[PDB]
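Descriptive structure summary
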Amino acid sequence: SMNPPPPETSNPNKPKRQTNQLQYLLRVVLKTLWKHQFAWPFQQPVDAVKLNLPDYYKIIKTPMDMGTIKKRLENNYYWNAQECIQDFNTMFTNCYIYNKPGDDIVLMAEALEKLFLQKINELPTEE
Ligand SMILES: CC(=O)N1c2ccc(-c3ccc(C(=O)O)cc3)cc2[C@H](Nc2ccc(Cl)cc2)C[C@@H]1C
């Protein structure tokens, strides 16, 4: 089977900006999660060819990963923090939906999600 193309990371038809909250999401939140020992499976799109999981993209039609989120932040793709936070949650939700409750990857996602929530709890005021 084949992989789908990755989620778009820059769209010339879609308005772009930077906010101090989106800066915090890249510089503090994503940066902290990216170098966690459990981050690596989430640093790029799920590769259903490499993993030989032809049902992954039958079940998950809105994939998301931290590599995509990082690129989106780098490209000012998000207009606000809520769009970025939603993508992080889509990434976690996809993981919990596809994988079984006791799987290594689920425990890894749960650890990253706990840390994510700790970090976004101090999202700064908009300047
Ligand atoms: C995110 C998610 O739900 N899944 C996922 C995604 C990517 C990779 C993965 C990523 C990169 C490599 C690699 O660089 O070789 C290998 C596997 C693996 C997985 C998950 N598998 C897995 C991850 C970690 C450990 Cl310790 C054991 C099994 C399955 C799942 C589809």
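As recorded in the PDB header, X-ray crystallography is the method behind this entry, and the stated resolution is 1.59 Å.

1. Topic: the nonpolar core
Core analysis: the largest hydrophobic core is formed by 27 residues, its most contacted members being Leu25 and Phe88. Broken down by secondary-structure element, the contributors of at least two residues to this core are α1 (20–34), α3 (66–74), α4 (81–98) and α5 (104–120). Ignoring any residue separated from it by four or fewer positions in sequence, one finds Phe88 in contact with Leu30, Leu33, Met66, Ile69 and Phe116. One finds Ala48, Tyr56, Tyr57 and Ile60 within the second-largest nonpolar core, a separate group that totals five residues.

2. Description of the layout of surface pockets
Size it by volume and the largest pocket reaches roughly 550 Å³. Around the largest pocket, the lining is made up of 23 residues, and of these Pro41, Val46, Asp47, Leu51 and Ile105 lie nearest the centre. Only α2 (56–59), α4 and α5 provide two or more residues apiece to the lining of the largest pocket. Considering each element in turn, the lining of the largest pocket owes the most residues, four residues, to α4.

3. Considering the site of the ligand
Lining the immediate surroundings of the ligand are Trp40, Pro41, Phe42, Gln44, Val46, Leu51, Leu53, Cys95, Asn99, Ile105 and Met108. The side chain of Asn99 places a nitrogen or oxygen atom 3.0 Å from an oxygen atom of the ligand. For the ligand, whose free accessible area comes to 650 Å², the fraction covered by protein is 64%. Put simply, the ligand lies in the largest pocket.

4. Details of the pattern of salt bridges
Scanning all chains against the criterion turns up two salt bridges. Measuring nitrogen to oxygen at the nearest pair gives 2.8 Å for the salt bridge that ties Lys70 to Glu74. Taken together, the residues span about one helical turn, with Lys70 and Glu74 both in helix α3 at a distance of four residues. A salt bridge links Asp87 to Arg72, with the nearest nitrogen and oxygen atoms 2.8 Å apart. Pair noted here: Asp87 is in helix α4 and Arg72 is in helix α3, with a separation of 15 residues, a long-range link. As far as the burial class goes, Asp87 and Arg72 line up, both buried.

5. With respect to the side chain of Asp87
The class for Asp87 is buried, based on a relative accessible area of 10%. In terms of polar contacts, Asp87 uses its side chain to reach the side chain of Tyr78, at 2.6 Å. For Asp87, the residues in contact, after removing those within four places along its chain, are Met64, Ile69, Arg72 and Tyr78.

So, how was this worked out
Residues numbered from 1 in each chain as written, not as in the entry; some residues may be left out. Heavy atoms only, no water. Core = buried A, V, L, I, M, F, W, Y, C linked by side-chain atoms within 4.5 Å. Buried < 20%, exposed > 50% of the residue type's maximum accessible area, 1.4 Å probe, protein only. Helix = DSSP H or I, 4+ residues; strand = E, 2+ residues; numbered from the N terminus. Contact = heavy atoms within 4.5 Å. 1 Å grid on protein atoms, 1.4 Å probe; cavity = no way out; pocket = protein on both sides within 12 Å on 5 of 7 lines; lining within 4 Å. Points joined across faces, edges and corners; volume = space filled by probe spheres on them. Near = heavy atom within 4 Å. Polar contact = N/O pair within 3.5 Å; in protein donor to acceptor, adjacent residues only side chain to side chain. Areas by Shrake-Rupley, 256 points an atom, 1.4 Å probe, with all protein chains shown as cover. Sits in = over half its atoms within 2 Å of the grid points. Salt bridge = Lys/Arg side-chain N within 4 Å of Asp/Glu carboxyl O.

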